[PDB]
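Structural overview for review
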Amino acid sequence: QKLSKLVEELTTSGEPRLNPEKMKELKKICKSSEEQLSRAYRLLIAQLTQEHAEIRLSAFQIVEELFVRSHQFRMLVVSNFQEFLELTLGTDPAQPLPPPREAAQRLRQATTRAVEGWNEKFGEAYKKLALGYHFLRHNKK
Amino acid sequence: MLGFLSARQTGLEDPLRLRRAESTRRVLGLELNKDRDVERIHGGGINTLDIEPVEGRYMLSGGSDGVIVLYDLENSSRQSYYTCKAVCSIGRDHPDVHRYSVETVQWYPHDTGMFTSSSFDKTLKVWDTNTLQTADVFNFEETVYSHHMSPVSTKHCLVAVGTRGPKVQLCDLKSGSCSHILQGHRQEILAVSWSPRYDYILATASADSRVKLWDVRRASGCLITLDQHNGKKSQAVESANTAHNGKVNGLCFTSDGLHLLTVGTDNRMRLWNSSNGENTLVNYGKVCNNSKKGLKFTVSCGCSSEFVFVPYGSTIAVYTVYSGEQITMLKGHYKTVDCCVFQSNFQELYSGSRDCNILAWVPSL
């Protein structure tokens, strides 16, 4: 719906840059209804699973901004988020063989910095962020 | 629950009913408690965990980094949130610390004052818990995959040790004799487990796809060799009578000891009659293990229906033992899970993994 419209308007790689007005509109829409974000993750898995690395970066940034801002993606990334733990363990680490890793190295660095930020941003009881960061630092950063 | 309380209170139902039923309900509700943490001390993956059999208060943990950590599992703080602090630790600076991966660690049954631990440095060290010093060392010619002390034998205090040799070493902690060997396997013994029922029955699982039950008193080889088919494919025993179609890297007797659970690298878990080694044909589906070493898994105790918590990749898969029905998969680890140990007092599970973490699973509500 409108979630998909905003996802298309933002993830488009023809203008691959962070736009604040669209992101604040998405934040306000997600705050208006929690069900906006539960399908948004499904949209983001579309963008993470897409061929273009810029779309993956865009969907990662959208997921991060919804988790840190909307207060509805927080209840997806810091509660009922084993999908998020597995996507963190599969994104930076090697994709499970035979399937190899398809993201770009700049996207790997962006994910590393996002994990380092989220270690302190929301870690009141979610320590698997830090555990995954340590595993990366000792196995496939 | 109010029906259960009333029926206990008025005597319609044995109190046993409420205990077993509520423990089962707690186990089914087993969930990653972020309300409890285990202090991270291992620099490497945790290969083994062991909660003490008496009082269940302290837990040992052996890592691939060679260190041993001794945790306190009791909430000594008044808050509802607490961290299972590390009481002691055989660290990198302890003179007796293992040089390589600690693959198995076991509290001495009948008393908490002693515990034994084996490593890929080809040693089984016996530790005095109070002094935290080795009281004995058994060197083996080959690296140890598993050891186990009988949880039941008041009489003998042998340690069955499985190393890459085809022979099972029995090490008597009572005056020290590590010469006895049980011969009959053809490749590395990856798991050893004494029966909890019979003082002298030992089940040993090896790389040659065989599990054998020995009466260490007996002088005449294995009692029984577990057979998948029970006779449908029958051959003069030189290559047949395999327990699994791969390496058998895990053993576990059920609580009462009347059945044996073996998991092998054929991605199967089988349940065997521990008396005549007959396959009970319980399905269990597909139990993913590809471990190149021993896979330590546990069963529940004191519940209405017995469960088995088996490491399933990065998760812990919970099955019903006697029906195979997969209850659930506990998903909280980031790398493959090596060991899970069951706290039967409170239906709690502790699982260690290659991600250098020990996660507590506590029943919810």
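About the cut-offs
- Residues numbered from 1 in each chain as written, not as in the entry; some residues may be left out.
- Chains lettered and ligands numbered in written order.
- Part of a larger assembly, values for the part shown.
- Heavy atoms only, no water.
- Residues with missing side-chain atoms left out of burial classes, pairs and counts.
- UniProt positions renumbered as here; feature names shortened; annotations may be inferred.
- Pairing = 2+ DSSP bridges.
- Helix = DSSP H or I, 4+ residues; strand = E, 2+ residues; numbered from the N terminus.
- Polar contact = N/O pair within 3.5 Å; in protein donor to acceptor, adjacent residues only side chain to side chain.
- Contact = heavy atoms within 4.5 Å.
- Axes fitted to C-alpha atoms, helices over the stretch in contact; angles between N-to-C directions.
- Salt bridge = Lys/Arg side-chain N within 4 Å of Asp/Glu carboxyl O.
- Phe/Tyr/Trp six-rings, centres within 6.5 Å; stacked < 30°, edge-to-face > 60°.
- Parallel < 35°, antiparallel > 145°, perpendicular 65-115°, else oblique.
- Nonpolar A, V, L, I, M, F, W, Y, C, P; charged D, E, K, R; others polar.

Per the PDB entry, chain B goes by DNA excision repair protein ERCC-8 and derives from Homo sapiens. The record lists the entry's title as "Pol II-CSB-CSA-DDB1-UVSSA-PAF-SPT6 (Structure 3)". UniProt lists a comment for chain B under the heading Pathway, and it reads "Protein modification; protein ubiquitination."

The name given to chain A in the PDB entry is UV-stimulated scaffold protein A, with Homo sapiens as the source organism.

Now for the pairing of strand β10 (residues 123-128) of chain B. Residues and elements named next belong to chain B. Pairing between strand β9 (residues 114-119) and β10: six bridges, direction antiparallel. Note that in β10 the partner of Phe-115 across the bridge is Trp-127. Hairpin remark: β9 followed by β10, antiparallel, with three residues in the connecting loop; positive phi at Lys-122, about 65°. Here β10 runs beside strand β11 (residues 133-139); their pairing, made up of six bridges, is antiparallel. Bridge assignment links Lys-125 to a residue of β11, and that residue is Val-137. Two successive antiparallel strands, β10 and β11, enclose a turn made up of four residues, where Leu-132 displays a positive phi of approximately 60°.

A separate point is the side chain of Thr-116 of chain B. All names here are of chain B. Turning to its location among the elements, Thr-116 is positioned in strand β9. There is a polar contact of 3.0 Å between the side chain of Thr-116 and the side chain of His-147. Not counting the four nearest positions on each side in its chain, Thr-116 is found in contact with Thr-104, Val-105, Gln-106, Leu-124, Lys-125, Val-126, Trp-127, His-147, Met-149 and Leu-173.

Let us now look at the sheet that holds strand β5 (residues 68-72) of chain B. Residues and elements named next belong to chain B. Pairing in this open sheet of four strands is antiparallel, and the strands run β3-β4-β5-β7 from one edge to the other. The sheet terminates laterally at β3 (46-51) and β7 (86-90), the two strands that pair on one side only. Sheet twist, expressed as the mean angle between neighbouring strand axes with direction ignored, is 15°. As paired strands, β3 and strand β4 (residues 58-63) are joined by five bridges and run antiparallel to one another. Its bridge partner being in β4, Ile-46 is matched across the sheet by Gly-63.

Okay, the pattern of salt bridges next. Residues and elements named next belong to chain B. The salt bridge partner of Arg-36 is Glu-348, with a shortest N-O separation of 2.5 Å. Of the two residues, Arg-36 sits in strand β2 (residues 36-38) while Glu-348 sits in strand β28 (residues 348-353), which places them 312 residues apart along the sequence. Note that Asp-72 and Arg-57 form a salt bridge whose closest N and O atoms lie 2.7 Å from each other. Taken as a pair, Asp-72 in strand β5 and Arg-57 in the loop between β3 and β4 lie far apart in primary sequence, 15 residues in all.

It is worth spelling out the packing of aromatic side chains at this point. All names here are of chain B. For the ring pair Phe-115 and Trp-127, a centre distance of 6.2 Å and an interplane angle of 15° mean the geometry is stacked. Residue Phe-115 is found in strand β9, and its partner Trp-127 is found in strand β10; the two are separated by 12 residues along the sequence. Taken together, the ring pairs in this structure connect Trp-107, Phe-115 and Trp-127 into an aromatic cluster.

A separate point is the sheet that holds strand β25 (residues 315-320) of chain B. Residue and element names in this part refer to chain B. The sheet built from four strands is open, its strands ordered β23-β24-β25-β26 with antiparallel pairing. The open sheet has two edge strands, β23 (298-299) and β26 (326-330), and neither has a second partner. Summarising the sheet, strand β24 (residues 307-312) and β25 pair through six bridges and their orientation is antiparallel. Bridging from a neighbouring strand, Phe-307 pairs with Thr-320 of β25.

Here we come to the UniProt feature "repeat: WD" in chain B. Residue and element names in this part refer to chain B. Under the UniProt annotation, "repeat: WD" lies at residues 33-73, 88-129, 133-173, 177-216, 235-274, 281-321 and 325-363. With 0% helix and 50% strand, the stretch residues 88-129 has end C-alpha atoms that lie 9 Å from each other. Helix and strand shares over residues 133-173 are 0% and 59% respectively, and the end C-alpha atoms of the span are 16 Å apart.

Looking now at the packing of helix α1 (residues 2-10) of chain B against helix α2 (residues 15-28) of chain B. Residues and elements named next belong to chain B. Interaxial distance between α1 and α2 falls to 8 Å at its minimum, and their mutual angle equals 155°. As far as their axial angle goes, α2 and α1 are roughly antiparallel. Here α1 contributes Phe-4, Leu-5 and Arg-8 to the contact with α2, which in turn contributes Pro-15, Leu-18 and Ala-21. Looking at the contact of α1 with α2 residue by residue, the class counts come to five nonpolar, no polar and one charged.

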